[PDB]
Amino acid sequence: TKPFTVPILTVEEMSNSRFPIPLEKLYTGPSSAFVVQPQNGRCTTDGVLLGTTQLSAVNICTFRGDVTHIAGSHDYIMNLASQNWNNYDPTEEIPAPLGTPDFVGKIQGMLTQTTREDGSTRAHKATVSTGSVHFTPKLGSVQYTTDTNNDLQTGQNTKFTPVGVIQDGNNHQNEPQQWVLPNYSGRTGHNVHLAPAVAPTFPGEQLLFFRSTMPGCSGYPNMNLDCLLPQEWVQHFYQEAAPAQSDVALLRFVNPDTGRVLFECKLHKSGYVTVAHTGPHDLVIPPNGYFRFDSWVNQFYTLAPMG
């Protein structure tokens, strides 16, 4: 049978699947108090993409299309196009355009556009609030608040490149809310075709998150961003498409230097990881360590307590 495997990349050599930035560390903790249902970075070990997950690490949280000024403000409406600048098809059985951000927050970046006729270009700092009623990706439109009100032109390809997140008001780190999905269709209707919510079912286990620190652009934002799978893992499963021989793949985090294993964990065929541990914990790992698929096991396999 097509042997299953995970890439041999180290945590720092990989990218976060929920925002275009590299992974930084591994984190585990209880999740019973949240609804863990991210839409980006979702894929079966079988290679089946889920939610709004797409292959490009750099295309996550980016938008493309054309814009029109909101008279009397420094705001603009962008009529979305697909990443390749083609028409966006709302008919597809997906939650929203692939790569759409999957959390409620204020993402700041830059809008850039070129005038086809003469090749003149321009850029403006802008922020898109995913918690806003005007955040309607699925319907084909999103809104930005910018610093300008006269330089962006109508009917010209425009792109939004994400940089980081901002926060307002006292009560620091109150936003963004990484575990709260935005309303892809606004008030027009509920979210559709979502990748399922995830939770550790085996007693004594907790989810293992691949963590990054989203850059902050203003205020006191909660910058923690946890994904269920590194972007390269999504890329790998997709191309390998190896058949899962059980519902659980046993992985060992090994140090290529010493050749020794640090801990083992469960990669569920559904596309998420759990370890045997109770309580929040920032994992200390050798910079050169990586994951290695060792064997398929039963869903009733008890993991060696994490260390």
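Start at 1 with the first residue shown and count on from there.
Of the two segments, 19-27 and 280-288, the one listed with the higher mean B-factor is 280-288 (C-alpha atoms only).
Of the two stretches examined, 220-228 and 80-88, the record assigns the greater average C-alpha temperature factor to 80-88. Taking the deposited Cα B-factors for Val35, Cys61, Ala249, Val67, the highest one is held by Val35. Of the residues listed, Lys159, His134, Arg211, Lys138, the entry assigns the biggest Cα temperature factor to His134.
Among all modelled residues in this chain, the alpha-carbon of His236 has a temperature factor (C-alpha) in the lowest third. For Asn40, the recorded CA temperature factor ranks within the lowest third of the chain's modelled residues. Remark: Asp118 belongs to the highest third of its chain, ranked by C-alpha B-factor as recorded. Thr154: CA B factor lies in the middle third for its chain, per the PDB record.
Among the modelled residues of the chain, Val254 sits in the highest third by CA temperature factor in this PDB entry.
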